[PDB]
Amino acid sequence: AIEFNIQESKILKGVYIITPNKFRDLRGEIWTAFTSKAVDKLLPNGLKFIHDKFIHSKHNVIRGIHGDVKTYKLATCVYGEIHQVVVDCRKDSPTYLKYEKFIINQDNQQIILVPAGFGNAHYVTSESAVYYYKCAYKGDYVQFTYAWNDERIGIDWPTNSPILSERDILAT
C-alpha cells in the first residue's frame, strides 16, 4: 500500500527524486510523504530528518536561493503548484552551479532530497501554495544565499517579476 518510487537525479549527483503513491477519490487524497525506514537510509550514516517546516506563500512569491554545507532537506508542495529548484553549490563538483527544476503539484507529487552543499529555492505559480520540507543535520546548538536571478546560475523561472519582499506585493 505505502510505496515510494526513489530515483537518483539524472544530472546532479546526490539529489533524489521520491514519488509516493496516493489513494485518490472524489472526497480527496491520502498519501505518505515520508517514512524513516524508506527515506532516512538515503542520508549519510546515522543521520535522520529531525525538523518539519511549512511555508505558505502567495502567487508569484519566490523563496531562496538558500543553502549550507551541512543541512540535508526533503522538499515538496502539499497544496497548489510550485517550481522547485535545486542548485549544486559545491565548488569542487563537476556540475557546480548547474541546477534542476521540478514542477510540483498534486498530480506530480515529486519529493526532492536536496543534499548538503546545495542551494534550495521555489516559486509559486498557483493562487497560493504550501511548501513542506524536512531538515537533517549534525550539530544542533549553533551558509549561503544566492539571488533568484544570479546570472552565473541562469535559472529559467516562469516570470521576470517575482515578489521578493513585502514591499513588492503592495504593487500588485
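Numbering starts at 1 and follows the sequence shown.
According to the record, the deposited sequence contains 4 to 9 residues between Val142 and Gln143 that were left without coordinates. Just going by the entry, 158-166 versus 14-22 on mean CA temperature factor gives the higher value to 158-166. Higher mean CA temperature factor, per the PDB entry, when comparing 42-50 with 127-135: 42-50.
Highest C-alpha temperature factor among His66, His122, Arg27, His59, as the PDB entry reports it: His66. In the deposited entry, the Cα temperature factor of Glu81 sits in the bottom third of values across the chain's modelled residues. Residue-level temperature factors show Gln109 in the middle third of its chain, judged at the C-alpha atom.
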